[PDB]
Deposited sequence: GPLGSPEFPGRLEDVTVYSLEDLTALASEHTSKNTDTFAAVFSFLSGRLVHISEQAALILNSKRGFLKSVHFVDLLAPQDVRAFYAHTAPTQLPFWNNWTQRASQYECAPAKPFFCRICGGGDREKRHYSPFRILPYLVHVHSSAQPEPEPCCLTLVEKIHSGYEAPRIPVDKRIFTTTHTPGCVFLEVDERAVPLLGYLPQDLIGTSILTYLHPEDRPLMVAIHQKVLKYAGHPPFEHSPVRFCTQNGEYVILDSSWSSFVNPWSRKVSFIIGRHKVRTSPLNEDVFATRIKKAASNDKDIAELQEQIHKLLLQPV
């Protein structure tokens, strides 16, 4: 089908490919993996240091095997060879993953990474052509409460949720603020992360969500939100909504959250065990009643 040129690369071209990103700092690497096999065609010399891994081991892994299993689905979704910009018009959408250095399921430490993916072709000949590849610019990220430390007036993030109180969207600013990746939140319920003493508050919030539909956004009472290291952070939030213009019902609820405290353990990404068993009791109670009150048109 009448196609424009590709720009094909080869193995020695890959050494320099995004040296601008790889020189940014000591947390960045570039990986190129084949859409055919899932194997690494090129990865930066510094990636063994950054993943705490070994150069040999990595030239022979499938990239996905490095990924935390929670993240494999976002990986496949965000790297589909069909959404991908080519590599230089609007182009390049960040996702997140935890990636380990592939140790031995005991010494395996996952760090969170921010990824920019691009499409690329390389070298050899199969039955037709030169190798479709993903170019991945990777960067280790840090808890917003360490080191640098996101300034206080910048500790803001945005989320949206369904009338069923299920998260639809979370902007990337949340990640170093809460220690979760977007995929951890999407499809889960906001109520789960809330302090129990604070969940009933959502009732009045969604009542205001109706009252103020078509009106500017409102504030209410702060709520404690559980970061992934387990400690709570106080959200000071503004809320509003989008009502479907045709059936005038609330389609989603939107929050801009100012994070007003810091946890004690400054590392929101610290490894934690947490029991996820029995707890959806008062949760379905609130979800059911909030949903219910939200069918009132307009």
Unmodelled spans of the deposited chain sequence come out as 1-9, 98-107
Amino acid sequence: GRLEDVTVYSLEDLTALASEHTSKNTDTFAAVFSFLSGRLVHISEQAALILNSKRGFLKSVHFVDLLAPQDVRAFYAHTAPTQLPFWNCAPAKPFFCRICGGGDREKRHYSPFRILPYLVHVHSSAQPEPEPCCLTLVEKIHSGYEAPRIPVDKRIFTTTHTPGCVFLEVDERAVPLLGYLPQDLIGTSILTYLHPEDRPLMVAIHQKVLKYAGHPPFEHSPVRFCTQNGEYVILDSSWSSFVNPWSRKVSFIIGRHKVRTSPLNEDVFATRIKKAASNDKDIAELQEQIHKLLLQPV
From here on, numbers count along this sequence of modelled residues.
Looking only at C-alpha temperature factors in the entry, 159-167 or 213-221, the higher average sits in 213-221
As the entry reports it, the stretch among 1-9 and 287-295 with higher mean C-alpha B factor is 1-9
Looking only at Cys100, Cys226, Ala126, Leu137, the Cα with the top B-factor belongs to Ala126
Residue set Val72, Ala204, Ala92, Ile115, per-entry CA B-factor max assigned to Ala92
Tertile call for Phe269 (CA temperature factor, within chain, third-based) is the middle
Assert third(CA B-factor, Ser53) within chain per record equals middle
Chain thirds by Cα B factor, record data; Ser240 belongs to the lowest
On the chain's distribution of Cα B-factors, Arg108 falls within the third called highest
Sorting the chain's modelled residues by C-alpha B-factor and splitting them into thirds places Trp87 in the highest
